[PDB]
>>> print(open('start.pdb').read())   # PDB, C-alpha atoms
ATOM      1  CA  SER A   5     -14.664  10.583   0.909  1.00  0.00           C
ATOM      2  CA  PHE A   6     -14.103   6.906  -0.218  1.00  0.00           C
ATOM      3  CA  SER A   7     -16.916   5.568  -2.399  1.00  0.00           C
ATOM      4  CA  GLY A   8     -17.899   2.187  -3.825  1.00  0.00           C
ATOM      5  CA  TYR A   9     -15.818   0.087  -1.458  1.00  0.00           C
ATOM      6  CA  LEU A  10     -16.967  -3.342  -0.385  1.00  0.00           C
ATOM      7  CA  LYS A  11     -16.764  -3.779   3.407  1.00  0.00           C
ATOM      8  CA  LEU A  12     -14.765  -6.888   4.316  1.00  0.00           C
ATOM      9  CA  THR A  13     -14.469  -6.395   8.077  1.00  0.00           C
ATOM     10  CA  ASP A  14     -15.120  -3.659  10.690  1.00  0.00           C
ATOM     11  CA  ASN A  15     -12.067  -1.736   9.421  1.00  0.00           C
ATOM     12  CA  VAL A  16     -11.059  -3.206   6.013  1.00  0.00           C
ATOM     13  CA  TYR A  17     -12.658  -2.076   2.727  1.00  0.00           C
ATOM     14  CA  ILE A  18     -11.812  -3.073  -0.847  1.00  0.00           C
ATOM     15  CA  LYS A  19     -12.430  -1.713  -4.341  1.00  0.00           C
ATOM     16  CA  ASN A  20     -11.248  -2.540  -7.875  1.00  0.00           C
ATOM     17  CA  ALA A  21      -9.554   0.754  -8.601  1.00  0.00           C
ATOM     18  CA  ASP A  22      -6.365   2.354  -9.772  1.00  0.00           C
ATOM     19  CA  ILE A  23      -4.844   3.676  -6.543  1.00  0.00           C
ATOM     20  CA  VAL A  24      -3.498   6.712  -8.459  1.00  0.00           C
ATOM     21  CA  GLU A  25      -6.988   7.610  -9.658  1.00  0.00           C
ATOM     22  CA  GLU A  26      -8.427   6.896  -6.192  1.00  0.00           C
ATOM     23  CA  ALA A  27      -5.783   9.134  -4.596  1.00  0.00           C
ATOM     24  CA  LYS A  28      -6.426  11.974  -7.090  1.00  0.00           C
ATOM     25  CA  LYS A  29     -10.171  11.757  -6.367  1.00  0.00           C
ATOM     26  CA  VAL A  30     -10.162  11.367  -2.588  1.00  0.00           C
ATOM     27  CA  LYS A  31      -6.937  13.257  -1.691  1.00  0.00           C
ATOM     28  CA  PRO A  32      -6.621  10.980   1.396  1.00  0.00           C
ATOM     29  CA  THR A  33      -4.602  11.889   4.460  1.00  0.00           C
ATOM     30  CA  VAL A  34      -2.391   8.831   3.752  1.00  0.00           C
ATOM     31  CA  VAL A  35      -1.741   6.933   0.567  1.00  0.00           C
ATOM     32  CA  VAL A  36       0.422   3.809   1.019  1.00  0.00           C
ATOM     33  CA  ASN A  37       3.149   3.102  -1.466  1.00  0.00           C
ATOM     34  CA  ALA A  38       4.374  -0.446  -2.151  1.00  0.00           C
ATOM     35  CA  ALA A  39       7.972   0.644  -1.721  1.00  0.00           C
ATOM     36  CA  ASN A  40      11.307  -1.140  -1.793  1.00  0.00           C
ATOM     37  CA  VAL A  41      14.124  -0.442   0.717  1.00  0.00           C
ATOM     38  CA  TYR A  42      15.824   2.021  -1.616  1.00  0.00           C
ATOM     39  CA  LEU A  43      12.624   3.952  -2.398  1.00  0.00           C
ATOM     40  CA  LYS A  44      13.327   3.328  -6.101  1.00  0.00           C
ATOM     41  CA  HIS A  45       9.834   3.742  -7.538  1.00  0.00           C
ATOM     42  CA  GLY A  46      10.272   1.886 -10.794  1.00  0.00           C
ATOM     43  CA  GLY A  47       7.198  -0.224 -11.313  1.00  0.00           C
ATOM     44  CA  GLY A  48       3.933  -1.517  -9.912  1.00  0.00           C
ATOM     45  CA  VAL A  49       2.176   0.840  -7.495  1.00  0.00           C
ATOM     46  CA  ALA A  50       5.423   2.724  -6.755  1.00  0.00           C
ATOM     47  CA  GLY A  51       6.173   3.480 -10.403  1.00  0.00           C
ATOM     48  CA  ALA A  52       2.560   4.569 -10.958  1.00  0.00           C
ATOM     49  CA  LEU A  53       2.344   6.812  -7.835  1.00  0.00           C
ATOM     50  CA  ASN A  54       5.729   8.349  -8.649  1.00  0.00           C
ATOM     51  CA  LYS A  55       4.742   9.024 -12.295  1.00  0.00           C
ATOM     52  CA  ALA A  56       1.559  10.751 -11.024  1.00  0.00           C
ATOM     53  CA  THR A  57       3.752  13.112  -8.941  1.00  0.00           C
ATOM     54  CA  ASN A  58       5.792  13.963 -12.093  1.00  0.00           C
ATOM     55  CA  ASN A  59       8.815  12.278 -10.360  1.00  0.00           C
ATOM     56  CA  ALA A  60       8.622  14.591  -7.294  1.00  0.00           C
ATOM     57  CA  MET A  61       8.157  11.473  -5.119  1.00  0.00           C
ATOM     58  CA  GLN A  62      11.416   9.999  -6.497  1.00  0.00           C
ATOM     59  CA  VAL A  63      13.337  13.279  -5.967  1.00  0.00           C
ATOM     60  CA  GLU A  64      12.085  13.487  -2.369  1.00  0.00           C
ATOM     61  CA  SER A  65      12.815   9.775  -1.837  1.00  0.00           C
ATOM     62  CA  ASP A  66      16.411  10.053  -3.095  1.00  0.00           C
ATOM     63  CA  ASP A  67      17.044  12.881  -0.616  1.00  0.00           C
ATOM     64  CA  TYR A  68      15.484  10.737   2.168  1.00  0.00           C
ATOM     65  CA  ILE A  69      17.770   7.763   1.282  1.00  0.00           C
ATOM     66  CA  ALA A  70      20.835  10.001   0.988  1.00  0.00           C
ATOM     67  CA  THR A  71      20.166  11.203   4.549  1.00  0.00           C
ATOM     68  CA  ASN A  72      18.854   8.054   6.229  1.00  0.00           C
ATOM     69  CA  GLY A  73      19.965   5.055   4.242  1.00  0.00           C
ATOM     70  CA  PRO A  74      17.660   2.275   3.148  1.00  0.00           C
ATOM     71  CA  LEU A  75      14.534   1.184   4.944  1.00  0.00           C
ATOM     72  CA  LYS A  76      14.247  -2.332   6.398  1.00  0.00           C
ATOM     73  CA  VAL A  77      12.012  -4.950   4.717  1.00  0.00           C
ATOM     74  CA  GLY A  78       8.858  -4.700   6.860  1.00  0.00           C
ATOM     75  CA  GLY A  79       9.529  -1.038   7.638  1.00  0.00           C
ATOM     76  CA  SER A  80       8.187   2.272   6.471  1.00  0.00           C
ATOM     77  CA  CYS A  81       8.689   5.975   6.329  1.00  0.00           C
ATOM     78  CA  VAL A  82       6.270   8.894   6.034  1.00  0.00           C
ATOM     79  CA  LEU A  83       6.993  11.301   3.218  1.00  0.00           C
ATOM     80  CA  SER A  84       4.918  13.868   1.314  1.00  0.00           C
ATOM     81  CA  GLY A  85       1.831  12.743  -0.528  1.00  0.00           C
ATOM     82  CA  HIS A  86       2.561  15.427  -3.194  1.00  0.00           C
ATOM     83  CA  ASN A  87      -0.556  15.905  -5.416  1.00  0.00           C
ATOM     84  CA  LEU A  88      -1.983  12.504  -4.321  1.00  0.00           C
ATOM     85  CA  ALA A  89      -2.454  12.721  -0.566  1.00  0.00           C
ATOM     86  CA  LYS A  90      -1.342  14.711   2.512  1.00  0.00           C
ATOM     87  CA  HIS A  91       1.291  11.981   3.191  1.00  0.00           C
ATOM     88  CA  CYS A  92       2.644   8.936   1.539  1.00  0.00           C
ATOM     89  CA  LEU A  93       3.445   6.047   3.841  1.00  0.00           C
ATOM     90  CA  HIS A  94       6.135   4.079   1.984  1.00  0.00           C
ATOM     91  CA  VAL A  95       5.862   0.545   3.261  1.00  0.00           C
ATOM     92  CA  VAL A  96       8.262  -2.236   2.285  1.00  0.00           C
ATOM     93  CA  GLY A  97       6.598  -5.603   2.036  1.00  0.00           C
ATOM     94  CA  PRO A  98       8.841  -8.632   1.391  1.00  0.00           C
ATOM     95  CA  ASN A  99       9.494  -9.244  -2.301  1.00  0.00           C
ATOM     96  CA  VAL A 100       9.137 -12.998  -2.850  1.00  0.00           C
ATOM     97  CA  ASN A 101      10.820 -12.540  -6.310  1.00  0.00           C
ATOM     98  CA  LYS A 102      13.926 -11.316  -4.411  1.00  0.00           C
ATOM     99  CA  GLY A 103      13.690 -14.309  -1.946  1.00  0.00           C
ATOM    100  CA  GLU A 104      12.625 -12.141   1.004  1.00  0.00           C
ATOM    101  CA  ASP A 105      10.956 -13.649   4.086  1.00  0.00           C
ATOM    102  CA  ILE A 106       7.115 -13.730   3.580  1.00  0.00           C
ATOM    103  CA  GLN A 107       6.835 -13.693   7.419  1.00  0.00           C
ATOM    104  CA  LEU A 108       7.800  -9.970   7.181  1.00  0.00           C
ATOM    105  CA  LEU A 109       4.442  -9.209   5.536  1.00  0.00           C
ATOM    106  CA  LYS A 110       2.758  -8.971   8.967  1.00  0.00           C
ATOM    107  CA  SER A 111       5.460  -6.502  10.150  1.00  0.00           C
ATOM    108  CA  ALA A 112       4.875  -4.484   6.966  1.00  0.00           C
ATOM    109  CA  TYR A 113       1.115  -4.245   7.634  1.00  0.00           C
ATOM    110  CA  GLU A 114       1.744  -3.193  11.266  1.00  0.00           C
ATOM    111  CA  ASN A 115       2.983   0.151   9.924  1.00  0.00           C
ATOM    112  CA  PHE A 116      -0.624   0.898   8.867  1.00  0.00           C
ATOM    113  CA  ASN A 117      -1.686   0.905  12.539  1.00  0.00           C
ATOM    114  CA  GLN A 118       0.099   4.218  13.051  1.00  0.00           C
ATOM    115  CA  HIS A 119      -2.503   5.959  10.822  1.00  0.00           C
ATOM    116  CA  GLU A 120      -6.225   6.248  11.489  1.00  0.00           C
ATOM    117  CA  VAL A 121      -7.198   5.898   7.849  1.00  0.00           C
ATOM    118  CA  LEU A 122      -5.257   4.885   4.752  1.00  0.00           C
ATOM    119  CA  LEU A 123      -5.745   4.311   1.038  1.00  0.00           C
ATOM    120  CA  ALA A 124      -3.496   1.303   0.280  1.00  0.00           C
ATOM    121  CA  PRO A 125      -2.573  -1.474  -2.070  1.00  0.00           C
ATOM    122  CA  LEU A 126      -2.196  -5.129  -0.996  1.00  0.00           C
ATOM    123  CA  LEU A 127       1.374  -5.373   0.269  1.00  0.00           C
ATOM    124  CA  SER A 128       3.752  -7.799  -1.451  1.00  0.00           C
ATOM    125  CA  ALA A 129       1.129  -8.488  -4.149  1.00  0.00           C
ATOM    126  CA  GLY A 130       1.616  -7.866  -7.895  1.00  0.00           C
ATOM    127  CA  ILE A 131       5.270  -7.733  -8.905  1.00  0.00           C
ATOM    128  CA  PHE A 132       6.357  -8.391  -5.286  1.00  0.00           C
ATOM    129  CA  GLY A 133       5.366 -12.030  -5.915  1.00  0.00           C
ATOM    130  CA  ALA A 134       3.298 -12.927  -2.862  1.00  0.00           C
ATOM    131  CA  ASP A 135      -0.155 -14.544  -3.052  1.00  0.00           C
ATOM    132  CA  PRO A 136      -2.628 -11.619  -2.915  1.00  0.00           C
ATOM    133  CA  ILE A 137      -5.186 -13.836  -1.112  1.00  0.00           C
ATOM    134  CA  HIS A 138      -2.571 -14.365   1.640  1.00  0.00           C
ATOM    135  CA  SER A 139      -1.767 -10.608   1.642  1.00  0.00           C
ATOM    136  CA  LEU A 140      -5.460  -9.737   2.151  1.00  0.00           C
ATOM    137  CA  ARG A 141      -5.698 -12.256   5.014  1.00  0.00           C
ATOM    138  CA  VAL A 142      -2.574 -10.791   6.704  1.00  0.00           C
ATOM    139  CA  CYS A 143      -4.049  -7.305   6.179  1.00  0.00           C
ATOM    140  CA  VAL A 144      -7.424  -8.055   7.836  1.00  0.00           C
ATOM    141  CA  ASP A 145      -5.668  -9.992  10.700  1.00  0.00           C
ATOM    142  CA  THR A 146      -3.023  -7.257  11.336  1.00  0.00           C
ATOM    143  CA  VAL A 147      -4.424  -3.822  10.517  1.00  0.00           C
ATOM    144  CA  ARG A 148      -6.778  -2.372  13.131  1.00  0.00           C
ATOM    145  CA  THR A 149      -7.081   1.128  11.619  1.00  0.00           C
ATOM    146  CA  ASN A 150      -9.383   1.970   8.646  1.00  0.00           C
ATOM    147  CA  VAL A 151      -7.789   0.661   5.458  1.00  0.00           C
ATOM    148  CA  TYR A 152      -9.303   1.213   1.987  1.00  0.00           C
ATOM    149  CA  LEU A 153      -7.665  -1.279  -0.332  1.00  0.00           C
ATOM    150  CA  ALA A 154      -7.423  -0.467  -4.016  1.00  0.00           C
ATOM    151  CA  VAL A 155      -6.937  -3.607  -6.157  1.00  0.00           C
ATOM    152  CA  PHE A 156      -5.759  -2.618  -9.605  1.00  0.00           C
ATOM    153  CA  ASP A 157      -6.455  -5.909 -11.383  1.00  0.00           C
ATOM    154  CA  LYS A 158     -10.252  -6.478 -11.970  1.00  0.00           C
ATOM    155  CA  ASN A 159      -9.939 -10.258 -12.252  1.00  0.00           C
ATOM    156  CA  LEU A 160      -7.870 -10.364  -9.050  1.00  0.00           C
ATOM    157  CA  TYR A 161     -10.424  -8.134  -7.262  1.00  0.00           C
ATOM    158  CA  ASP A 162     -13.210 -10.614  -8.206  1.00  0.00           C
ATOM    159  CA  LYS A 163     -11.057 -13.556  -7.033  1.00  0.00           C
ATOM    160  CA  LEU A 164     -10.223 -11.797  -3.733  1.00  0.00           C
ATOM    161  CA  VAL A 165     -13.876 -10.961  -2.950  1.00  0.00           C
ATOM    162  CA  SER A 166     -15.196 -14.407  -3.891  1.00  0.00           C
ATOM    163  CA  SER A 167     -12.527 -16.259  -1.857  1.00  0.00           C
ATOM    164  CA  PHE A 168     -12.633 -13.942   1.207  1.00  0.00           C
ATOM    165  CA  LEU A 169     -13.333 -15.795   4.408  1.00  0.00           C
TER     166      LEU A 169
END
>>> encode(input="start.pdb", output="structure tokens")
Amino acid sequence: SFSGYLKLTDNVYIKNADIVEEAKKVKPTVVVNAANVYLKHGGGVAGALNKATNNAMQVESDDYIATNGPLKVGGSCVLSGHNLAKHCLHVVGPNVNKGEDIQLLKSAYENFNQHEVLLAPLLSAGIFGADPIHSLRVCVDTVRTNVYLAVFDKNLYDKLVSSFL
């Protein structure tokens, strides 16, 4: 199971870890991907998770988009977890660098409530441009299910823990 996580609340845990390495170790039921509406897994968490699947996540995602069209910002879809997890929950947080509404971050986190336990990154953080401190606050105030947050950046992890209210 999950090890070395710091408990933030009753249901939110956090660790400085590479979510790919965490997923390969734990093999969780659900790994969350920081997806975009097109499921184009180019960079950040998405690029890293996809590379770990040897591009199988991208091939599956392109078939999903060809059938269903793009996701909504704030939405999600459940696809295979490949070699990383049973399932991957692809969640689209708003990308502040694309001028998307930061208010959609709460809607994005609500997708986590459909799963009892998840391994996840902070939505809209990193290359999505939102303040990770704000993302962690929205996470703890929105998600009611058990979420194990993997924060890639060590310095950011220290900042998040030390500023957590």
>>> closest_atom_pairs(input="start.pdb", of="range 98-128 of chain A", to="range 6-21 of chain A", cutoff="10 Å", atoms="all atoms listed in the file", output="CSV")
residue,atom,partner,partner_atom,distance
A:121,CA,A:15,CA,9.2
A:123,CA,A:6,CA,8.8
A:124,CA,A:18,CA,9.5
A:125,CA,A:18,CA,9.5
A:126,CA,A:18,CA,9.8
>>> closest_residue(input="start.pdb", among="A:39, A:27, A:151, A:131", to="residue 83 in chain A", atoms="only C-alpha atoms")
A:39
>>> closest_atom_pairs(input="start.pdb", of="range 64-90 of chain A", to="range 56-59 of chain A", cutoff="12 Å", atoms="only C-alpha atoms", output="tab-separated table")
residue	atom	partner	partner_atom	distance
A:64	CA	A:59	CA	8.7
A:65	CA	A:59	CA	9.7
A:66	CA	A:59	CA	10.7
A:84	CA	A:57	CA	10.3
A:85	CA	A:57	CA	8.6
A:86	CA	A:57	CA	6.3
A:87	CA	A:57	CA	6.2
A:88	CA	A:57	CA	7.4
A:89	CA	A:57	CA	10.4
>>> residues_near_point(input="start.pdb", point="(9.5, 6.4, 2.7)", cutoff="6 Å", atoms="all atoms listed in the file", output="number ranges by chain")
A: 80-83, 94
>>> resolve_selection(input="start.pdb", expression="the PyMOL selection byres ((chain A and resi 52) around 12)", output="PyMOL selection string")
chain A and resi 22-25+27+37-39+44-51+53-59+61-62+88+125+156
>>> resolve_selection(input="start.pdb", expression="the PyMOL selection byres ((chain A and resi 120) around 10)", output="list in words")
residues 33, 34, 116, 117, 118, 119, 121, 122, 148, 149, 150 and 151 of chain A
>>> resolve_selection(input="start.pdb", expression="the PyMOL selection byres ((chain A and resi 108-114) around 9)", output="number ranges by chain")
A: 77-80, 95-98, 104-107, 115-118, 127-128, 139, 142-143, 145-148
>>> atom_distance(input="start.pdb", atom1="CA of residue 99 in chain A", atom2="CA of residue 28 in chain A")
27.0 Å
>>> atom_distance(input="start.pdb", atom1="CA of residue 132 in chain A", atom2="CA of residue 26 in chain A")
21.3 Å
>>> atom_distance(input="start.pdb", atom1="CA of residue 43 in chain A", atom2="CA of residue 141 in chain A")
25.6 Å
>>> residues_around(input="start.pdb", residues="residue 167 in chain A", least_positions_apart="3", cutoff="12 Å", atoms="only C-alpha atoms", output="compact mmCIF listing (two decimals) with C-alpha atoms, keeping the file's coordinate frame")
# COMPACT_ATOMS: atom_id res chain seq x y z
CA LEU A 12 -14.76 -6.89 4.32
CA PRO A 136 -2.63 -11.62 -2.92
CA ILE A 137 -5.19 -13.84 -1.11
CA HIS A 138 -2.57 -14.36 1.64
CA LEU A 140 -5.46 -9.74 2.15
CA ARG A 141 -5.70 -12.26 5.01
CA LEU A 160 -7.87 -10.36 -9.05
CA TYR A 161 -10.42 -8.13 -7.26
CA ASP A 162 -13.21 -10.61 -8.21
CA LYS A 163 -11.06 -13.56 -7.03
CA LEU A 164 -10.22 -11.80 -3.73
>>> closest_residue(input="start.pdb", among="A:41, A:35, A:71, A:144", to="residue 93 in chain A", atoms="only C-alpha atoms")
A:35
>>> closest_residue(input="start.pdb", among="A:129, A:165, A:63, A:30", to="residue 101 in chain A", atoms="only C-alpha atoms")
A:129
>>> axis_aligned_box(input="start.pdb", around="range 128-144 of chain A", padding_each_side="4 Å", output="AutoDock Vina command-line options")
--center_x -0.5 --center_y -10.9 --center_z -0.5 --size_x 21.8 --size_y 15.2 --size_z 24.7
